[PDB]
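Trainee: please find the sequence and an experimentally derived structure below.
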There are 2 protein chains.
Amino acid sequence: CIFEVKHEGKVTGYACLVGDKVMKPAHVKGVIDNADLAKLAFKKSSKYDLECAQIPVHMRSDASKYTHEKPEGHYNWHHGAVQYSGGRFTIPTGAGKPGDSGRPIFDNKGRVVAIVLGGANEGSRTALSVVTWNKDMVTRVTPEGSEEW
Amino acid sequence: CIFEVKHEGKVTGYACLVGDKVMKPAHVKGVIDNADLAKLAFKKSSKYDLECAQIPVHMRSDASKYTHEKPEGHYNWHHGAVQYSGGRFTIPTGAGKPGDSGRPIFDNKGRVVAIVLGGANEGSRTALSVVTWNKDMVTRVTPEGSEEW
């Protein structure tokens, strides 16, 4: 699902294929390093800090599944754990540096629970700025003091 | 499920009620700080570092559920996360100190995936010594260099 969004040879973020759409955080500079993906029609929402595009048939096989079911607990991500509690995601400060946008936070079954956009460093823990689902609805949760990765 | 095992006023470990049995790591000094539980008939296995006892009817309501289904990913415990990969559990060195025996490591649905007995500190991560299930069996996984908590 993850596809890197390069900008002049520099990887600036990522793009996941979640369900039937190809998502990419709007704020991220660059183009997707996948020929077929670059060529698609992207719709951009500044409200959600997103920029999605409906996936082509031949790539739908490599499309991940998403979910609203996000009980309190622990989730997985590129840089380990993500504590989830109080409708808030968190990672130990320093696991996520800039360039970590578009990465998914998934459950133990593979389902993508949310997509990182950036994070608010609040001591030992950084409260993540994310794109999350809501009974078939894409919401966006963002903490005060948030940077964009 | 967690019930503390005291020894002369000093809490030395814990005892969880998993399913229909009351488990307690054999190595732990002391008695269970619950009248009813102390009075039961305990069977001890030195093989599994366990000492279980079949739960009384009135306590079965407070009995937790267990499971063998443990896919790679992240789990929950008293001291945050537990990385689980390679049939191995791990926590960031320092989260688990002695006195943490008998604590359960559970999934996001509550099910108890394993019970801590101790751990081998191997740098930034400590590989936990645990009691885990296995398709209607109770196994014991323990790493070299393991202390007993």
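Mentor: Arrived safely. Numbering: from 1, shown residues only, chains lettered A, B, ... in the order given.
Trainee: so which bits of chain A are right by chain B?
Mentor: A:71-76, A:80-83, A:107-109 (Cβ under 8 Å from any Cβ of the partner chain). For the C-beta atoms, the positions are set from N, CA and C on the backbone; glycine is no exception.
Trainee: residue A:29: which of the residues you listed is nearest?
Mentor: residue A:82 (25.0 Å; Cβ to Cβ).
Trainee: so residue A:109 sits against residue B:72, correct?
Mentor: No. The criterion here is Cβ atoms under 8 Å, and residue A:109 misses it with residue B:72 at 10.9 Å.
Trainee: in PDB, list the C-alpha atoms belonging to the host helix or strand of residue A:121.
Mentor: Take DSSP states H and E as the rule and residue A:121 turns out to sit in strand A:112-122. Output of strand A:112-122 as PDB, limited to C-alpha atoms (Å, rounded to 0.1, in the frame of the first residue of the first chain):
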ATOM      1  CA  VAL A 112      -5.400   0.400   8.300                       C
ATOM      2  CA  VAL A 113      -6.700   2.300  11.300                       C
ATOM      3  CA  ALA A 114      -5.400   5.700  10.400                       C
ATOM      4  CA  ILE A 115      -2.800   7.700   8.300                       C
ATOM      5  CA  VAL A 116      -0.100   9.900   9.800                       C
ATOM      6  CA  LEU A 117       0.000  13.600   8.700                       C
ATOM      7  CA  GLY A 118       2.300  14.900  11.400                       C
ATOM      8  CA  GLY A 119       2.600  15.200  15.200                       C
ATOM      9  CA  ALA A 120       2.600  17.400  18.300                       C
ATOM     10  CA  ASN A 121       5.700  16.700  20.500                       C
ATOM     11  CA  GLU A 122       4.500  16.800  24.100                       C
END
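Trainee: measure residue A:122 to chain B for me?
Mentor: 16 Å (Cβ to the nearest Cβ, to the nearest Å).
Trainee: and that residue, what is it in contact with?
Mentor: Residues in contact with residue A:122 (Cβ atoms under 8 Å, 6 or more residues apart in numbering or on different chains) are A:93, A:143, A:145.
Trainee: now the last one: which helix or strand?
Mentor: With elements taken from DSSP H and E, nothing contains residue A:145; it lies in neither a helix nor a strand.
Trainee: grab the nearest non-local neighbour of it.
Mentor: For residue A:145, ignoring the flanking residues on the chain, the nearest one in space by Cβ to Cβ, 6 or more residues apart in numbering or on different chains is residue A:120 at 4.0 Å.
Trainee: now that neighbour: how far from residue A:27?
Mentor: Residue A:120 sits at a distance of 15 Å from residue A:27 (criterion: Cβ to Cβ, to the nearest Å).
Trainee: equivalent analysis for residue A:125, please.
Mentor: Taking Cβ to Cβ as the measure, residue A:125 and residue A:27 are separated by 23 Å.
Trainee: hmm, residue A:102 is touching residue A:5, no?
Mentor: Yes. At 6.6 Å, residue A:102 and residue A:5 qualify as touching, with contact defined as Cβ under 8 Å.
Trainee: those two - which one has more neighbours?
Mentor: Shown here are residue A:102 and residue A:5; by other Cβ atoms under 10 Å in any protein chain shown, residue A:102 has more neighbours (28 against 24).
Trainee: contacting residues for that one?
Mentor: Residue A:102 neighbours (Cβ under 8 Å, 6+ apart): A:2, A:5, A:13-16, A:23-25, A:28, A:115-116.
Trainee: before we move on, the earlier item: closest to chain B out of the contacts of residue A:122?
Mentor: The closest of those to chain B turns out to be residue A:93 (Cβ to the nearest Cβ; 13.1 Å).
Trainee: what are the phi and psi values at that closest one?
Mentor: Residue A:93 has phi and psi values of phi -40, psi 120 when expressed as degrees, to the nearest 10.
Trainee: not counting sequence-adjacent ones, nearest residue to it?
Mentor: residue A:126 (4.6 Å).
Trainee: same question, residue A:136
Mentor: By the measure of Cβ to Cβ, 6+ apart, the closest residue to residue A:136 outside its immediate chain neighbours is residue A:68, 7.3 Å from it.
Trainee: now do the SS call for the one you found.
Mentor: Three-state assignment for residue A:68 (DSSP: H, G, I helix; E, B strand; the rest coil): coil.
Trainee: and it, how far is that from chain B?
Mentor: Going from residue A:68 to chain B by Cβ to the nearest Cβ gives 14 Å.
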